[PDB]
Each structure stands twice: as C-alpha cells, then as structure tokens.
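K.L.:
missing the sequence, but the structure's below:
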Ligand code: CLA
Ligand code: CLA
Ligand code: CLA
Ligand code: CLA
Ligand code: CLA
Ligand code: CLA
Ligand code: CLA
Ligand code: CLA
Ligand SMILES: CC1=C(/C=C/C(C)=C/C=C/C(C)=C\C=C\C=C(C)\C=C\C=C(C)\C=C\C2=C(C)CCCC2(C)C)C(C)(C)CCC1
Ligand SMILES: CC1=C(/C=C/C(C)=C/C=CC(/C)=C/C=C/C=C(C)/C=C/C=C(C)/C=C/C2=C(C)CCCC2(C)C)C(C)(C)CCC1
Ligand SMILES: CC1=C(C/C=C(\C)CCC[C@H](C)CCC[C@H](C)CCCC(C)C)C(=O)c2ccccc2C1=O
Ligand SMILES: [Ca+2]
Ligand SMILES: [Ca+2]
C-alpha cells in the first residue's frame, strides 16, 4: 500500500534484499514518525527516519518484525504496519493484521492449534503408527 | 591373462562410470 | 604439501615442489635479505655491521656453539 | 585362467548386473 | 511448516506472544483461567522453530509445544 | 513425489540443498515413509534382504576371481611359508618407476593379501586356480539366483503376506534345522570328502567324489553302530599338510591340540565338530509348533514363565506380541547376538588358529582380529541404537503392563545410577593405578609401582590346563576327576597346545594384563552406560518428558530449560560411538602389543612396559611406528608407502571430523549467506543460478558427518598402523 | 610485582647465578630446588655450579647479567 | 610363577642398578659440600626400600606383585589397606550426609551449603568415628532409605 | 604451526655446534630443506624424531617433562 510513500534516508548497504526477493516474497514496513530519529537498520547500518511517513523493503518477515520491535522500544512508535508483496504485485497485510498488538487480547480472534488437557495425555507413537495421525492429535 | 582388460576397465570405472553416474543422478535429483 | 606427499609416495620425486624438482623460491624475501646484507655500506653509512646476521653477513660462534648465522630461505 | 574364461565371467557378471538393475528398478 | 500447539495448562500470561519474533502467536479470549486469555498460533506458516516462545513459557511443562516438521523457505530463515 | 525424495512430501517441498542430504539419509527408513503399510514394509524388507545377499555373494565371488586370475594361489600352495599371498593386480596411472618397482612382487604389480583368504581356501581343499575360478562362477550364479528371487517376491502374485512374515515358529524351526543344521551337515560332508582327502594328498573332485569313498571301510560302520572305525587311524603327528607322508584314514577324530606342522586345528577334528553341531541343530529345529500338531508355541512358553513371588511382575506376559509386532526389537536382539558372535569369533580364532599356516602370518592374524573386533563394536552399538528406536517407536506401555520390559523402564534410574557408579569406579581406579605407576617409574623407582597379579584369571587358566602358575586345579592336576575322564580323549593334545608357550592359546598373563583388562572393563561399562541410558531415557526425562513425541533423532529443544543439546537418544548413540571406538581401540591395542611382543620373542618388554602409559606410548606407538612412517622419504620409497600415505590420510580425515564435531551450525549458515551474496553479486557468474538454495549442514547432519569422519579416520589410521608395523617388523 | 620479586628471590636464594657468571657457557641456568619427598628429588638436574636443580629457560640469568648483577646481594 | 623378591636375582640386580645410577652422579660432587650428601641419603633410602620390599612376591621381572585374592597371608597387601580406605571414606560420606540432613532443617539450606557452618560441620566431622555403627540403626529405623523420589515419565 | 617452523628451522639450519677450523654441524643436519616440504616429513623428521627426547626422559631429571607430556595429552 502507498508504494510511493517516502523512504528513510539510507546509504545502501550490502545486506538488503537480493534477487530472490524480486522473484519471491518481499516484505515492507510503513510507519509514521514526528522526529527524524536515527535507527539501526536490521540489515546492518544506521538510517534516519524521515519525519512523516517512512517506507522500506526487507527480504524477511523476522527482519521487519525486529525493526518494528526496535521502533516500538527505542522510540514510542506503535503505528507500524508490515505488508507482504508477491512477484505478481498483490499486497498482503501481515502485521498486526487487526490493528491490535498480538500480545493484547482482542475480540474476534479464533483459537488455532489447541490441544485438550496437558501434554502428559499425548498418545504413544506406537498407537498412531502407519497412520496420518500425530501424538498431539486427540 | 587378458592384460588389456584392467587397462580398459580401471579408467572406465574410475572416470567414465563416475562422471556418467553423477550426471544421471544430478538430472534425476534436480528433475 | 599434500601434492608433495602424493608425489613422494608414488616415487615421482621429479614432480615435487622442492629445490631439485619444481622450485618455489621466495625471491622477494631473499631479495630483502640481500638488501639487508648490503645495507651496512650503502644505506647505513654509520652502521658497521648488519642489524641481524640472520639476513646475511657472517656467522657468529660463542663457546663452540652457533649464535646467529644467515637463515637461508628455500622452497 | 584363460582369456576366454575371463570373458565368460564378464558375461555372467553383466547378466547379474542386469538382474540387479531390474530388481532395483522394480523396488 | 512447524506445528505449534497450545495445551490447556496455559495461564494466559502472553509471554510466549511477547517473545515470538515472527508474529506467529497471539492472544484470544478464553475461560480456562482468570486472565481470560489463551495463546493461539494462527500463523504457524511463518514459524522458524527458534522456540523462543517455549523458553518464555512459565508453566511447569511448556503449554506451547513447537514440533519441527516440514521445512520451507520461511522456516529456514533464508533472506536469499 | 516428482522430486528426489519421492517418499516424503515434506522433504520434496524443501527448496534448499537439505532435501538431497535428508533424502539420502532417510532412504532406508521405510517405516517413516508417507505411503507405508506393515505388509508393504515387510515385503520391501524381504526384497532388500534378497538384494543384500546377492551383494555379499558378488563380493565373495569377486575376491575368488581376483585371487585366481591375478593372485598366486598355485605358487603359494607349494610353499605357503616362503612366499606371500597376492590380493589383486595394481593398475594406477600415477605410479612412477620407483613405485612400480617397489610394488612389484616378481612378475606383476599386485597387493599382498592380508585378509587370510589364501589359508582358508587352502584348508578347505582348494589347490588349483581353476577351482577358485569355478567357485567364483558358482557364487556369481548364486548371486543372480538371489537377485531373481528378490525381483520375483516383490511382484503382486508372489508377495508374501504379513501372516507369513510373522510365522516365528516355522521360521525358527527352518533356520535352526536347515539354515544352521543342514548347512553344517553339508560342510561336514565337504570336509570328509574334500578337505581331509586334499590335506592327505588325495585330491577328490566332482569327477571322482562319487567314485572314491572318503573312508576305506565305507558307510558300513555308520549303519552297523561302531562309529569308532572312523577315528581308528589319525595323523601320525608328523604328517606334512598336502602330502601323504604319515597320513591316516580317520575322518572323525577328536584329537586335542593343533597340527604341529601347520599349528592349526586338525581337519578331522573340525569335521567331527561340525557333525556334532549339525546333529544338535537338527535336533533343536523341531522344538516349535508347525502344521504337524507337535512342538511349542513361543507365546505359551513366554507366558508360562512367571515367578510366583511376583519379583519380576507379570513375567513375560505380553513379551511375545511386543516382539512379533516390532521389527526394531527383533533387529536389536539379532544385532546384539551377532555382535557377541563376531567378537567370540575373533577371540576363538586368534587363540585356536583354524586355518593352516595362519599362525605364521602375523599381519593377517592382527588384521583379522582387529577387523572382527571393530565390526563387533559397530554391531553392538547398533543393537543398542535399535533398542532405543524400539522404545520410542515400537513400544506402547498400555500393552506392556507390569512386564519385564515395562519394569525395566520403571526402575531405569537405578540401572543408570549403578552403571554410572561402576564406570566411575573403574575409571578412577584404573587411571589412578596407571598414572601412579607412570609417576613412580618416571622418578626412577620402578619397584614402587602397584602391580596387582591377575590371580582370578590365572586360576581360570590353570583350571583349563595351564601349568606355568602351578595352581594344580582341575585339568592342571593329573589326579583330578575331570582330567582323568578326558585323559584318554582330548586332554593330552589340548594340554600340549595350551602349555606350548609359543602359540596364542591361553597366553601367559601378568600385572600389565590385569591393568589393561580393567581398562577394557572401564570402556565396556562406560559404553553400555551411554547406550543403556540412551535406550531407557529415549521415551522421556525430567528435562524433556515428551521426548517420545519428537521421535528418535531430532536436533534439540532450544536453549530453554537451561539447554537441551544432545537430548535425543540418537545423540546418546552418537556419544557412545566415540566410546566404542575408544574401547575397541584399547582392546586391539592390547592384542596387537601382546602379540607383537610374543612373536618377536621378547615378552619382557610388554611385561615391564605395559604397567605404565609411557611404555604404551613409547614401546608401542613410537617404536613400532618407525617402519610405517618411513614408507617414503627423500632418500626413496618402500612397498609400505601406500600404508604411510593412508596413515596420513586417516589422520587428515580424523581431524576433518573434528571440524564438524566442534563447530556447530550457525557460523556456517552466516558464512553461506555471505557466499550466496558474493555469487549473486559478481558479474559473468550471475547467469549460473543454484537450483537448490545453499544451506549449512543440519545440526544432526553435522553430528553424523563429523562422527563418520572421526570413525573413518580412527579405523583407517589403526589399519595402516597395524598392517605396516606387523609387516616391516617381520618382513 | 610479587611475581618479579619471586623470580629475583629465587635467583638470590635457590640459584647458581654466581657460578653461571663464572662459566656462562658450561653452567646450565637453574633457580628451582625440588624438595626430596616422593622421589621427585631426581628432578634436581646436575646443572653445575655445585647446586643441582631444575634448569630454567626463562632467561632470568642472561637478563640479570645484562643488567650488571654480579652478586646475590643485589 | 611368583617367588619372594629376597630370593629373586632380578630384585637384587635392580637394587644394584639404582645404586649405581645414584653413585655415578654422586662421584661428580665432593664428599663434604652442597650435594653428594643429598645422593647418599637417596642411596640409604634405596637400601631400606629394597629390604622392606624383599618380603613381597615378584616374578621374573623382579617387580613386586600384589596378591588381591583375599589370602590371609597377603592381608597386609590389600585387605588391611582396603578396610582402612573404606573406613576413611565411609567416615567422609557419613559426616557429609549428616551435615546435609542438618542443613535441610535450616531456613535457607542453600546459604549453609555455600557458606559452610564451621561449628555444625565440625560437630558432625568430629563425630562419626563409629560410622559403621551409625550406618546401622539409621537403616533399621528406616531413616536411611527413602520411599518416594523424583521420577520422570515411564517411571 | 608457527612455533613448529621456528623450532625445526632453528634446529636444522641455525642452532648447532662448530668444530675447530669452522666446521658446522647442526642438531638436524639440513633435513628441513627436503623434509619440511611434506606432511610425512613433518611427522617423521620432526614430530617422531624429536619426540624421542621427551618419551625417553624417564629415569632422568627430564622425567617431569615426559610426565607433563603425557598429562597434557590426557
Ligand atoms: C556348506 C556346504 C558346502 C560348501 C560351503 C561347499 C563349498 C565348496 N565345495 Mg563342496 N560339497 C559339499 C558341501 C559344500 N561344499 C557336500 C555335502 C559334498 C558331498 C556331496 C561336496 C562335495 C564337493 C566336491 C567333490 C567338490 C566340492 C568343491 C567345493 C568348493 C568349490 C565349489 C565350486 O566348484 O563352485 C560351486 C559353487 C556353488 C555355490 C555351488 C552351488 C550350490 C548351491 C547350494 C546350489 C543351488 C542351485 C540353485 C540356485 C537352486 C535354486 C532353487 C531355488 C528354488 C532355491 C567350495 C569351497 C570342489 C572343490 O573345488 O574342492 C575344494 C570339489 O570338487 N564339494
Ligand atoms: C565386490 C566385488 C568386486 C570388487 C570389489 C572388484 C574390484 C575391482 N575389480 Mg573386479 N570383478 C568382479 C568383482 C569385483 N571387482 C567379479 C565378480 C568379476 C568377474 C566378472 C570381476 C571381473 C573383473 C575384471 C576383468 C577386472 C576387474 C577389475 C577390478 C579392479 C578395477 C575396477 C574395474 O575397473 O573393474 C570393473 C569390474 C566390473 C565391471 C565387475 C562388476 C561386478 C561387481 C560385483 C559389482 C559391484 C557390486 C557390489 C557387490 C555392490 C556395490 C555397492 C555400492 C554401489 C554401494 C578393482 C580392484 C579390473 C582390474 O583388475 O584392474 C586392475 C579388471 O580388469 N574385475
Ligand atoms: C579414478 C580414476 C582415475 C584415472 C583412471 C586417472 C588417470 C589419470 N590421471 Mg587422475 N585423478 C583422479 C582419478 C583418476 N585419474 C582423482 C580422483 C583425482 C583427484 C584426487 C585425480 C587427480 C589427478 C591430477 C592432478 C592429475 C591426474 C593425472 C592423470 C593422468 C596421468 C597419467 C600420466 O602420468 O601421464 C599423462 C597422460 C596424459 C597427459 C594424456 C592425457 C590423457 C587425457 C586426460 C585423457 C583423454 C581425454 C579425452 C580427450 C576426452 C574424452 C574423449 C573425447 C574425444 C570426447 C591419467 C590419465 C595427471 C594428468 O596428466 O592430468 C591430465 C594429473 O595432473 N589425476
Ligand atoms: C530350511 C528352509 C529355509 C532356509 C534354508 C532358509 C534360509 C534363509 N532365510 Mg528363510 N524362511 C523359511 C525357510 C528357510 N529359510 C520359512 C519356512 C520361512 C517362513 C516362516 C522363512 C522366512 C524368512 C524371512 C522373512 C527371511 C528369511 C531369510 C533367510 C536368509 C537369511 C540370511 C542369511 O544370510 O542366511 C544364512 C545365515 C547363516 C549361515 C547363519 C549366520 C552365521 C552364524 C552365526 C553361523 C556361523 C557359521 C560359521 C562359524 C562361519 C564360518 C566362516 C565362513 C567364512 C565360512 C537365508 C538364506 C531372510 C532373508 O535374507 O530374506 C532373503 C528373511 O528376510 N526367511
Ligand atoms: C542389519 C543391520 C542394520 C539394519 C538392517 C539397520 C536398519 C536401519 N537403521 Mg541402523 N544401525 C546399524 C545396523 C542396522 N541398521 C548399526 C550396526 C549401527 C551402528 C553403526 C546403526 C545405527 C543406526 C542409527 C543411529 C540409525 C539407524 C537407523 C536405521 C533405519 C534407517 C536407516 C537409514 O535410513 O539410513 C541410511 C544409511 C545411510 C544413508 C548411510 C550413511 C552414510 C555412512 C554411515 C557413511 C560411512 C562412510 C562411508 C562408508 C564412506 C567411507 C569411505 C572412506 C573409507 C574412503 C533402518 C530401519 C536410523 C533410524 O532408525 O531412523 C530413525 C538411525 O538414526 N541405524
Ligand atoms: C584436518 C581438519 C580440518 C580441515 C581439513 C579443515 C579445512 C578447512 N577449514 Mg576447518 N576446522 C577444523 C578442522 C579442519 N578444517 C576444526 C577442528 C575446527 C574447530 C575449531 C575448524 C573450524 C573452522 C572454522 C571456524 C573455519 C574453518 C574453515 C576451513 C576451510 C578454510 C578454507 C580453505 O582454505 O580451504 C582449503 C581446503 C583444505 C585445506 C582441505 C584440503 C584441501 C586439499 C589439499 C585439496 C584436495 C583436493 C583433491 C582433488 C581431493 C578431492 C578428490 C575428489 C574426488 C573429491 C577449510 C576447507 C574456515 C572457512 O569456512 O573457510 C574460509 C572457517 O572459518 N574451520
Ligand atoms: C599432531 C600430532 C598427532 C595427532 C594429533 C595424532 C592423532 C592420532 N593418532 Mg598419532 N602419532 C603422532 C602424532 C599425532 N597423532 C606421531 C608423531 C606419531 C609417531 C610417528 C604417531 C603415531 C601413531 C600411531 C602408531 C597411532 C596413532 C594413532 C592416532 C589416532 C588415535 C585415535 C584416537 O581417537 O585416539 C585414541 C587414543 C588412545 C587409544 C590412547 C593412545 C596411547 C595410550 C598411551 C595407550 C594406552 C592404552 C591403555 C591400555 C588404555 C587404558 C588406560 C586408561 C585406563 C588410563 C589419532 C587420529 C593410532 C590410531 O591408529 O588410531 C586408533 C595409532 O595406532 N598415532
Ligand atoms: C555428602 C557428600 C556425598 C556423599 C555422602 C555421596 C554419596 C554417594 N555418591 Mg556422590 N557426589 C558428591 C558428594 C557425595 N556423594 C559430590 C560433591 C559430587 C560432585 C563431584 C558427587 C557426584 C557423584 C556421582 C557422579 C555419583 C555419586 C554417587 C554416590 C553414591 C555411591 C558412591 C559414589 O560413587 O560416590 C562418588 C563420589 C564422588 C564422585 C566424589 C565425592 C566428592 C567429595 C570427595 C566427597 C564429598 C565431600 C563433602 C563436601 C563433605 C561435606 C562434609 C560436611 C560435614 C561439611 C553414594 C551414596 C554415584 C551414584 O549415583 O550412586 C550409585 C555416582 O555415580 N556422587
Ligand atoms: C573380600 C574381598 C573381595 C570382595 C569382593 C566383593 C564381590 C565384594 C562385594 C559386595 C557387594 C555385592 C555389595 C553389595 C551392596 C549393596 C548395597 C545396596 C550397599 C550399600 C550401602 C549404601 C547404600 C550406603 C552406604 C553409606 C555408608 C554406610 C557410608 C557413607 C554413607 C552411605 C549412606 C552412602 C575380593 C574377592 C575382591 C578380593 C578379596 C577381598
Ligand atoms: C537396547 C535394548 C535392548 C537390548 C540391547 C543390547 C545390546 C543387549 C545385549 C546383550 C549382550 C551383549 C549379552 C551378552 C551375553 C552373555 C551371556 C548372557 C552369557 C553367559 C553365561 C554362561 C551360561 C556361561 C557359560 C560358560 C560355560 C558354558 C562353561 C565355560 C565357562 C562359561 C562361563 C563361558 C532390547 C532389544 C532387549 C530392548 C530394547 C532396548
Ligand atoms: C564445513 C562445514 C559446513 C559447510 C559445508 C558445506 C556447505 C558442504 C559443502 C561441500 C559438499 C559436501 C559438496 C556439495 C557439492 C556436491 C557435488 C553435490 C552432490 C549432491 C549432494 C547434495 C549429495 C557446515 O555447513 C557445517 C554445519 C554444521 C556444523 C559444521 C559444519 C562444517 O564444518
Ligand atoms: Ca581340489
Ligand atoms: Ca572332480
């Protein structure tokens, strides 16, 4: 979204996204600030975030999330959005995906990957042998 | 005796067979 | 080193990286040694002898034991 | 071991190889 | 394609979500603890298996278990 | 599916180079395949076994063909002591003039066979190269037959059902009667018809075996009842192997010691031995129940064994189903038994040389002993690894309640603690005594070292017949009932062989033997400790109670809970592999040094240098390494140059193993990322693009690669050392 | 400074420094004397100069000579 | 075979060899001077040591061999030192166990384990001189062995 | 490897004795020229040949070194 959004003043570096990002997934982070702070790029270096709107591209989701973590910790910036761009050009909203931080309980979220009882009740591997079932599956 | 058999087989099994097998194996794993 | 091991084991000593076989002489280091050997008379006017006898000049013996002699460099 | 004997052994080895290639392809 | 599974012993402390570096976990309403929240893993496709969540879990035995299964580009953490 | 794995969609979808590595590693793990069933698994294993038997037969046939076509068997039979056997011709384009001359054995460039196949084939009755060639042809035909059978049984019409694969009663009754019994009876027949006549100068072949009878009296005595006629006239004790001078007609004698000329067990005694063994096997092959309504049921026997007091719990109730439905428990048991048998084979072969003139060939003796012992170590370690795999994958405590196996898992902590105590006690005390002797000897006071005489072992030697210690108990005392009973049967010859003092039968032992035997004990206990701990703690532990849920081989559980590196049972096996290499290295070190001192006629060197480790490093590793490291030098080269180059190569592969055993994944991952950047950022080389994304070796893959490097280096280094030392010392 | 003081004291009390000065080439430097307790007295090599001890390869004797030390009082 | 060292020629040969080795170095020094007295004491000790070891048994190598079969004639060789070792280490183990049992009764046993309580530690160390008797009565009372301990899955 | 080169080169081309009239005899006469070019030479002429002094040091004043040679290995 808003691919024409201004980018932080960075001088290059050799740790940015490679050709693989061109033909595959490429993450982007767009955040807004009020002061031209200096932040350590996740790829190695120092950049100045333009006062107003900042948009940068990365090759991994973890890199964008780490940058967001430092923007939220080193600075009191919580309006950071992480999107994913595919070679076709369709953008995908990844972080926070709902406008609320993941560790902040919010309504409308459906529990995924839940197992009844504690792990001590998991079946033995011998009981699910030669079948498409796992121990954690009840 | 066939003193020529070793001279014809050692190079084949040491150079021909390995290269050919590696080529076919590379094609198989990649495709 | 590995190539020399393989050559010596195969009896092909003529194909080694040694003085007799293929030679790899430190020409630059040997040249610096020669320059040091000649320094006491052309670049060190007030120096009466080479800084170290390991570069050249002559050997020194003390108590029937060698103190410092030129350390020739080879392959 | 005459040369002809060695050739016979080689032919038998080739037959064994063919059988072992068929057995492996079937597996 | 690692499988992250949350068990009923979860106390809803959110430490797993806070320690996850790939936004793979989140907090959802629940009624199994006073916190009224439970950990969820709806984005396991982005998980790499670092197990930071397992280390950040306070329950006696980890209420969140990460099983290393299918390996993909995301799970291998390849920037190239 | 359509990618390299073809058996695991999880690996086929991997876009990195890890897919090929894991596919190669998990190729034989049939149970872990996606579309796998018990019936299909058993059928695939059956075909694999056929294809493996064919590979074994092809290997032996190759050995025979090479010995007959390029060896000097015909020239070795005439003078087995003057000449040396030849393995195969050497055709290397890199050999120089000096190398060719050094490796020339007189007519062609070949290798000196150190496998002892010449003595074995000469003892069984082979005397011509054409015979070896015919044997190779027969084995090739046998291999082809097994290949055809393997392909036939994998067909839908000839696929054996699961019930047939689990018919333990019949498989046991047919293996003990035919595979073990009839096979031994046939070998006895061969010895009586070919080996014995060939050794007595009468070559009997297919053309005349139906014409000439093995015994002058024929089969009449066997049918009448007086079998003594077959042991009436043994060799005159001065018979020359391969000739008829002082020959006898006895085909089934029970002499005691070895043939004086060949210093090997009498062929007649071997035939009589195999006859008794075959009879016992054929008799024991009728124990289980088949379709004839007579025999036993393994399940009934197992369930009937339960102490009334309840000390063992519910006895072996449920053991039968647990073993029958689990291939890993079966494989673990088979590997354990095969390891004990292959180590017993080495121990019995060195002390009682069965093959003629094998005693004189010191190089072959040492090579074979070390060979079988190293394979035995690998086999027992594999048996323990499969047992751990059985606990994780093929063991359900629900069906094994209060069972002996379940009870083992119940008090696993006690077993591990006691094994740890035994290993610690042995290590502390054995190393303390070795270093104490080393320190006192270093200070110039050898008389102050603690030398404990192996009284218990010496007593067992005396009970067997040894008289050097003067215990005079049992067979050592002529008045003993046991000695008097066998005085007229096998005791005279056996006592002559045990008291020879020159052969390896019941070698004289001293304090050094006591100390090294204790070291052997330390190693055996520590290896079994690591393996038993791996098998028992394979399902769970206080650190990781859900270990069974992660399989048998997984990297770890992360740095949480203080750290979980090497938590998996596979790592216990990988840690026990190092100890097995160490234990077997000590065993082979001791055998080789004791035998080197005996052969050279200077046992005092061992008796006085084995008490301290300085001697073990100076008089054994340093002293005997001179001929090995002198294979090639600036002055020239020797025939042992290959062994010296192999010794250095083994040292290099061992250090390369250290590489993966020290550096772990993470430094290499970043390094590979840097390399990836370099390759895709350099002109004229960007066109070439990797199909699989480069990635560092996995954690477990690194441990396996490093363990393989370390193992290859250990084995190759000691192989080169032993062969070169035993060769140069006595050649 | 304590380590240096120890080296100097060992040279003054348990070393053949004067003897070494008299015959630097024949006498082997040594400044350590092992106590006779468990047969370790053998470590006292015949370095010369009357005393027998462990030969020191630290160059303490040569350094002291270059510094002008001639007597153990210094 | 084993014979007393006093009747074995190898033992005397070794003694003479050691004396010769010491005398060779002793000759270089002077009668009354530093050293030379140091080697004479060593020679005397060698003589005493060999006279002491003459009672032991040794084979052809002349090295004293120790019989551990349990024969009363060789009790001093292994039986007596074995019993004395067991007594010393049983004392060590029993005093340690008692100190641990006392520390577990304090408010913060960890602090006691780090900073040992010299008074109570010495109180339990001085006692225990009859540890074989104290081991019993603790076992009979049931205060030695435990009943339930920490066990992981699959007991 | 650096200290190994210094030790071997010094003992084969620098350190040694000189007989009257100037004759020079090194500890290891010119063996480094043709033995230091192969790993086998580095293992035979340097690690094996020169180790004889540390393994045979038992029974003398250098026995301690030999002991330390073993301990270090452990
Ligand atoms: C354990 C049994 C045993 C073994 C291992 C041997 C081994 C050997 N024998 Mg001997 N033999 C035996 C029993 C045995 N024999 C008995 C019981 C007799 C008395 C009848 C003989 C009589 C005999 C004579 C007279 C001679 C030998 C010879 C030999 C040697 C060479 C054989 C050869 O020429 O190539 C043949 C290699 C083969 C593998 C033969 C094939 C045998 C298999 C079992 C037949 C299978 C056929 C087919 C595949 C069946 C498929 C059906 C399917 C449905 C299962 C060889 C070392 C010869 C020799 O060289 O002297 C030293 C010699 O002249 N044997
Ligand atoms: C495992 C058995 C075995 C082994 C280890 C060897 C090894 C060797 N052979 Mg030999 N060979 C064998 C069986 C074997 N052979 C048999 C049964 C025959 C009778 C036909 C021959 C006939 C033969 C001839 C005529 C010659 C050799 C030669 C050689 C040497 C050079 C290799 C070569 O170019 O020849 C190629 C060999 C073949 C094409 C035969 C292949 C058959 C084997 C059994 C296939 C291996 C299958 C094995 C059991 C499992 C492999 C598993 C692996 C993939 C993981 C080499 C040392 C040459 C030589 O002497 O050079 C000095 C030579 O002239 N061999
Ligand atoms: C495993 C089997 C094997 C075999 C049969 C050979 C055979 C050979 N090697 Mg080799 N080598 C091998 C493995 C092998 N090597 C491995 C695994 C390594 C890595 C450790 C090496 C490393 C190695 C090196 C470093 C060198 C050799 C060299 C040689 C040649 C030396 C012969 C000579 O002294 O005169 C010399 C004979 C010639 C110079 C004539 C050249 C003959 C060419 C190479 C063969 C014809 C090719 C043909 C034109 C192409 C196919 C036909 C085309 C019309 C389509 C020889 C032909 C030496 C060499 O000469 O390299 C060329 C050499 O430098 N090898
Ligand atoms: C008399 C009938 C008979 C016979 C002879 C065999 C024989 C065999 N069966 Mg089989 N089986 C049978 C009936 C029989 N079976 C029946 C009725 C069933 C159904 C219940 C089965 C079901 C079955 C299965 C499912 C399998 C077999 C397998 C095998 C093979 C085992 C591997 C091997 O190496 O063998 C030979 C083994 C030995 C000779 C013993 C090992 C060595 C010991 C320790 C003795 C040591 C000897 C001596 C000291 C060595 C001397 C030195 C040497 C250098 C000469 C073997 C050839 C397996 C196989 O390989 O499939 C192809 C397998 O998977 N069988
Ligand atoms: C009859 C014996 C036997 C049989 C039938 C099996 C069968 C099996 N084993 Mg087992 N094992 C055995 C003996 C046996 N094993 C022994 C003796 C050991 C100890 C060495 C082991 C230790 C072991 C472990 C630790 C594991 C298995 C596993 C397995 C299963 C999967 C194997 C696989 O997919 O990898 C295929 C094998 C390979 C790709 C070969 C690997 C490469 C080798 C080791 C390199 C060695 C060097 C090479 C020879 C080159 C040297 C060259 C140099 C000299 C120049 C399978 C059912 C695995 C399992 O259970 O899966 C969960 C498992 O983890 N085995
Ligand atoms: C003998 C054991 C051994 C060996 C051979 C190596 C070798 C290597 N290490 Mg190393 N390492 C080791 C032990 C070893 N290590 C141990 C125990 C540790 C733990 C501390 C480490 C930790 C370590 C680190 C942290 C690093 C390395 C790195 C490297 C590489 C440096 C690049 C280079 O110069 O390539 C040269 C290759 C060699 C010297 C190997 C032998 C080359 C021979 C002479 C060529 C033979 C070729 C011939 C054709 C044979 C092939 C036949 C063909 C048929 C296959 C190199 C391959 C560094 C690296 O990644 O690269 C920059 C790196 O930083 N290692
Ligand atoms: C850089 C120096 C160096 C290095 C790193 C190595 C490394 C190695 N050497 Mg080696 N060696 C060297 C220099 C070196 N060597 C030199 C200069 C020589 C003289 C030329 C030798 C001569 C040599 C020989 C003859 C042998 C080796 C072997 C080995 C390998 C042993 C494998 C192992 O894990 O150890 C295992 C360690 C031991 C078994 C202990 C070794 C020695 C002790 C004193 C034996 C004590 C035995 C005693 C009964 C055990 C119980 C005592 C305990 C209870 C207290 C290993 C790769 C051996 C081998 O082939 O691998 C098995 C081999 O036999 N080396
Ligand atoms: C109170 C002290 C104490 C006591 C009574 C015991 C008692 C016991 N230990 Mg143990 N141990 C101790 C300390 C102690 N240990 C310490 C400090 C360590 C860490 C080094 C260990 C490590 C250890 C292991 C690895 C094992 C045992 C085992 C055992 C049992 C069998 C004997 C044995 O192998 O001992 C072995 C003793 C040692 C290895 C070293 C002992 C350390 C010192 C020398 C003694 C403790 C002194 C202590 C500080 C004194 C406190 C005095 C107090 C008044 C202040 C036995 C019940 C074995 C077992 O599991 O049971 C079958 C076993 O495998 N222990
Ligand atoms: C005489 C002798 C001998 C011996 C032998 C043997 C064999 C023994 C044994 C034994 C045994 C078989 C035992 C068992 C046991 C068990 C148990 C179970 C025990 C125990 C105990 C405990 C448990 C504890 C203790 C303690 C003490 C008392 C002290 C310290 C503290 C404590 C508490 C730790 C011989 C022959 C060598 C030689 C001669 C001499
Ligand atoms: C892991 C595991 C396992 C196991 C493992 C192993 C590895 C084992 C082994 C083992 C072994 C390795 C064994 C051995 C043995 C032996 C024995 C048991 C014996 C004996 C005895 C006797 C009976 C004797 C006798 C005699 C006689 C006859 C006379 C002379 C003298 C004598 C003494 C010799 C299983 C699978 C189960 C389960 C799962 C887990
Ligand atoms: C050297 C090293 C590497 C780097 C090693 C690499 C990248 C392997 C590269 C060499 C391979 C063996 C050759 C690959 C090229 C082949 C021709 C491809 C053939 C097909 C195969 C995939 C089967 C690690 O990744 C590593 C990881 C963890 C612990 C230790 C280490 C380690 O020591
Ligand atoms: Ca014949
Ligand atoms: Ca015939």
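P.N.:
Okay, I see it. Numbering: from 1, shown residues only, chains lettered A, B, ... in the order given. Ligands and ions are numbered 1, 2, ... in the order given.
K.L.:
tell me where the chain has strands.
P.N.:
Since you didn't name a chain, this refers to chain A. Assigned by DSSP state E, chain A shows strands spanning A:26-33, A:38-40, A:46-48, A:52-58, A:80-85, A:91-95, A:114-115.
K.L.:
not quite, I wanted chain F
P.N.:
With DSSP E as the criterion, chain F has strands spanning F:258-259, F:264-265, F:451-452, F:632-633, F:636-637.
K.L.:
near chain D, anything from the longest helix anywhere in chain B?
P.N.:
The helix spanning the most residues in chain B, taking DSSP state H as the definition, is helix B:17-30. No. Against chain D, helix B:17-30 shows no contacts by CB under 8 Å from any CB of the partner chain, the least distance being 11.8 Å. To be clear about C-beta, it is placed using only N, CA and C from the backbone, and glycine gets the same treatment.
K.L.:
give me the contact list for that helix.
P.N.:
F:3-4, F:20, F:23, F:691 (CB atoms under 8 Å, 6 or more residues apart in numbering or on different chains).
K.L.:
how about it, does it get close to ligand 11?
P.N.:
No. Judged by CB under 6 Å from any ligand atom, helix B:17-30 and ligand 11 are separated, with a smallest distance of 7.0 Å.
K.L.:
please report how far the residue in chain A that ligand 7 sits nearest to lies from ligand 8.
P.N.:
Using CB to the nearest ligand atom, the closest approach of chain A to ligand 7 is made by residue A:125 at 35.6 Å. Residue A:125 is 30 Å from ligand 8, where distance means CB to the nearest ligand atom, to the nearest Å.
K.L.:
any idea how many residues pack against the closest residue to that residue other than its chain neighbours?
P.N.:
Nearest non-adjacent residue to residue A:125, counting by CB to CB, 6 or more residues apart in numbering or on different chains: residue F:393, 5.3 Å away. The number of residues packed near residue F:393 is 20, by other CB atoms under 10 Å in any protein chain shown.
K.L.:
where's residue H:99, which helix or strand?
P.N.:
Residue H:99 belongs to helix H:80-103 when assigned by DSSP states H and E.
K.L.:
tell me the buried residues in that helix?
P.N.:
By neighbour count on 16 or more other CB atoms under 10 Å in any protein chain shown, the buried set for helix H:80-103 is H:91, H:94-95, H:97-99, H:102-103.
K.L.:
before we move on, back to that, quick one: contacts for the residue of chain A closest to ligand 7?
P.N.:
Residue A:125 touches A:135, F:392-393, F:548-549, F:551, counting by CB under 8 Å, 6+ apart.
K.L.:
my guess is the residue nearest to residue A:125 contacts residue A:126, does it?
P.N.:
Yes. Proximity of residue F:393 to residue A:126 meets the contact threshold set by CB atoms under 8 Å, at 6.6 Å.
K.L.:
re the thing from before, and which of the contacts of residue A:125 is nearest to ligand 6?
P.N.:
Among these, residue F:551 lies closest to ligand 6 (CB to the nearest ligand atom), at 28.7 Å.
K.L.:
spatially nearest residue to that closest one, not counting backbone neighbours?
P.N.:
Nearest residue to residue F:551 in three dimensions, chain neighbours excluded: residue F:392, at 6.7 Å (CB to CB, 6+ apart).
K.L.:
ok, now residue D:24?
P.N.:
Residue D:24 sits nearest to residue F:51 (CB to CB, 6+ apart), 7.1 Å away.
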